[PDB]
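# so I've got this experimental structure, pasted below with the sequence.
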4 protein chains.
Amino acid sequence: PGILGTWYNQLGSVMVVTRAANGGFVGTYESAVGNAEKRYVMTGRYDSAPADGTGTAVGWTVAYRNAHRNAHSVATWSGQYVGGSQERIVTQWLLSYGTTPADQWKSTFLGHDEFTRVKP
Amino acid sequence: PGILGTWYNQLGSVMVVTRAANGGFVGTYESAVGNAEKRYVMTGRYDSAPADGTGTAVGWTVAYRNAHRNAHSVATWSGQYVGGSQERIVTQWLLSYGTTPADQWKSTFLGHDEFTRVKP
Amino acid sequence: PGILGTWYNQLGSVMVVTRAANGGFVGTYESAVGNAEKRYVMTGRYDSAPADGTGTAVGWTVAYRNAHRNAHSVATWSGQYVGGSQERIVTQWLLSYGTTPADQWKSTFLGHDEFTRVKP
Amino acid sequence: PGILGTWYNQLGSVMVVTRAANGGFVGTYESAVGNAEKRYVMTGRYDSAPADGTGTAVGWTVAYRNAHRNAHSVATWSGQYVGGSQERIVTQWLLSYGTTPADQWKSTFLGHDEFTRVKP
Ligand SMILES: O=C(O)CCCC[C@@H]1SC[C@@H]2NC(=O)N[C@@H]21
Ligand SMILES: O=C(O)CCCC[C@@H]1SC[C@@H]2NC(=O)N[C@@H]21
Ligand SMILES: O=C(O)CCCC[C@@H]1SC[C@@H]2NC(=O)N[C@@H]21
Ligand SMILES: O=C(O)CCCC[C@@H]1SC[C@@H]2NC(=O)N[C@@H]21
């Protein structure tokens, strides 16, 4: 797959893929912004047989509660791994907070992250 | 957490949460629409300590390649589990295909899924 | 086109289409939630020749500053008008606030609105 | 406001703002990709009183039917205008096609566009 190890997005966040096999992967995520500190568990999936000439579809989930802090939010990234230098993971993400039924309408943020091997 | 077992969204898709503990959960996803057949691996996260009076933020990833088929796409759902009948998981999802660099602009679909215990 | 007049979404918000012709339409939007009060200008577009058997693609923009208040946010809805009772406009929307460069990552909310002729 | 004139996004698309006043603006949009050719009408809104130190929230709609072609789709951009060189409009967009009720789930694409004064 080629995603093993450390990645950095344009915010200085740190994604560490510690294991990847059979279309699934695991690791840690450390966000440089927002209500977060130290590392959070990360689990995701990837296309283990990408079509020739295309990127490798990926996706992963991060619940932003560790033993130090809980923002009560879950983020998910969806995009594709693009090989050949510059290698990059281009994503769009959803950040959803647990809310009351009256506040569901404002429960989800949307953004996009670009991950690279070298910290920007 | 309360998400164990079978869920159905408004499309007739089937989400089976087979294990859930310590802020992470696993299972299968079977999509009633699109380029899919049989079951696909599912992995995700959830807020294991939701604030009082709010929903439980969730999120999960499904790579749509099993041993029968590969759509070369990865989907991620992000939202919250709402307890108290009617119990429901309200989500918004991203479906991203592996593409060529010329086609990245049209690589991601966006939608929203509402999951319930009873099939609609 | 068939969108002239008053619409209500699932939040009790009020959309009034005052004119619609030649693929463009105008009106007012009154949001029942968030930092808003009274009416805001609304401008949008629609497919003036929808394919047979399909819905009519629509889209409109609302800057949430009137002469009474300014939330410093702009919302856009994108979806389709579906004819035949029950007539409905199904949408997904983006709400973007003006921010500092350090806060761009959390500048946009995402949701979905379903509009109907009768207030829910 | 400062958005008058020609803009280019990272795809080579051309956005021409022909008039802008009182929180609303108009113009043309020419997309370098997808089912499009020549120019399409564009209408949108902007925050006419942005908070000090922040960007100017914007948003606009483009129905992709001109007198030459109809893709049966409507796109909307939502984001903010950032002043001070490099001036830029950062956006996230929704592209929604008119569909049958069975195909609504796959009716909307999601992406992000960055517009600049100089064509990339
Ligand atoms: O504030 C929170 O609720 C927890 C931190 C959220 C950080 C978000 S998650 C998506 C985006 N990309 C990042 O690397 N960080 C932000
Ligand atoms: O067509 C594909 O690429 C694979 C099937 C995708 C099914 C999507 S995933 C999100 C949405 N919700 C569902 O239950 N099914 C569709
Ligand atoms: O709080 C603000 O920034 C202004 C009010 C925003 C209301 C949003 S716009 C999209 C969603 N749908 C509605 O009818 N209201 C909310
Ligand atoms: O293919 C279509 O349905 C019409 C052309 C769509 C072009 C899209 S709209 C959003 C994105 N940004 C662009 O400048 N072009 C694409």
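Now that the structure is in, tell me what you want to look at. Numbers count the residues shown, from 1 in each chain, chains lettered A, B, ... in the order given. Ligands and ions are numbered 1, 2, ... in the order given.
# so where do the strands sit in chain A?
With DSSP state E, the ranges of strands along chain A come out as A:5-9, A:14-21, A:24-30, A:40-46, A:56-65, A:70-82, A:88-97, A:108-116.
# redo these as JSON lines? Include distance to residue D:7 and mean neighbour count.
Using the backbone N, CA and C atoms, a C-beta is placed for each residue, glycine as well. Conversion of the strands of chain A to JSON lines gives the following (distance: least, CB to CB, whole Å; neighbours: other CB atoms under 10 Å in any protein chain shown):
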{"stretch": "strand A:5-9", "distance to residue D:7": "26", "mean neighbour count": "18"}
{"stretch": "strand A:14-21", "distance to residue D:7": "33", "mean neighbour count": "16"}
{"stretch": "strand A:24-30", "distance to residue D:7": "34", "mean neighbour count": "20"}
{"stretch": "strand A:40-46", "distance to residue D:7": "36", "mean neighbour count": "24"}
{"stretch": "strand A:56-65", "distance to residue D:7": "31", "mean neighbour count": "28"}
{"stretch": "strand A:70-82", "distance to residue D:7": "25", "mean neighbour count": "26"}
{"stretch": "strand A:88-97", "distance to residue D:7": "22", "mean neighbour count": "23"}
{"stretch": "strand A:108-116", "distance to residue D:7": "19", "mean neighbour count": "20"}
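# in TSV: those, plus distance to residue C:105.
Conversion of these to TSV gives the following (distance: least, CB to CB, whole Å):
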stretch	distance to residue C:105
strand A:5-9	10
strand A:14-21	15
strand A:24-30	14
strand A:40-46	17
strand A:56-65	14
strand A:70-82	11
strand A:88-97	9
strand A:108-116	5
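# a markdown table for these, including distance to ligand 3?
Converted to a markdown table, the strands of chain A look like this (distance: least, CB to the nearest ligand atom, whole Å):
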| stretch | distance to ligand 3 |
| --- | --- |
| strand A:5-9 | 27 |
| strand A:14-21 | 31 |
| strand A:24-30 | 29 |
| strand A:40-46 | 29 |
| strand A:56-65 | 23 |
| strand A:70-82 | 19 |
| strand A:88-97 | 16 |
| strand A:108-116 | 11 |
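# ok, which of the ones you listed comes nearest chain D?
Distances from chain D to each of these were compared using CB to the nearest CB; the shortest belongs to strand A:108-116, at 4.9 Å.
# which other helices and strands does that closest one contact?
Using 3 or more CB pairs under 8 Å, 6 or more residues apart in numbering or on different chains; DSSP states H and E as the contact criterion, the elements in contact with strand A:108-116 are strand A:5-9, strand A:88-97, strand C:108-116, strand D:88-97.
# let's see that with 6 Å instead.
Strand A:108-116 sits against strand A:5-9, strand A:88-97, strand C:108-116, with contacts defined as 3 or more CB pairs under 6 Å, 6 or more residues apart in numbering or on different chains; DSSP states H and E.
# now the residue lying farthest from the centre of chain A: how far from residue C:114?
Within chain A, the residue lying farthest from the chain centre (CA atoms, centre = their mean) is residue A:102, at 28.6 Å. From residue A:102 across to residue C:114, the span is 17 Å (CB to CB, to the nearest Å).
# with residue A:63 instead?
29 Å.
# hmm, back to that, dump the helices and strands packed on strand A:108-116 to TSV, plus distance to residue D:76.
Rendered in TSV, the data for the helices and strands packed on strand A:108-116 read as follows (distance: least, CB to CB, whole Å):
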stretch	distance to residue D:76
strand A:5-9	26
strand A:88-97	16
strand C:108-116	12
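# nearest to residue D:19, of those strands?
With CB to CB as the measure, strand C:108-116 is the member of those nearest residue D:19 (26.0 Å).
# what inclination does the closest one have with respect to strand B:88-97?
110 degrees (axes from the mean of the first three to the mean of the last three CA atoms, to 10 degrees).
# residue contacts, the closest residue to residue A:9 other than its chain neighbours?
Counting by CB to CB, 6 or more residues apart in numbering or on different chains, residue A:9 lies nearest to residue A:113, which is 4.3 Å off, once chain neighbours are set aside. Neighbouring residues of residue A:113 by CB atoms under 6 Å, 6 or more residues apart in numbering or on different chains: A:9, A:91, A:93.
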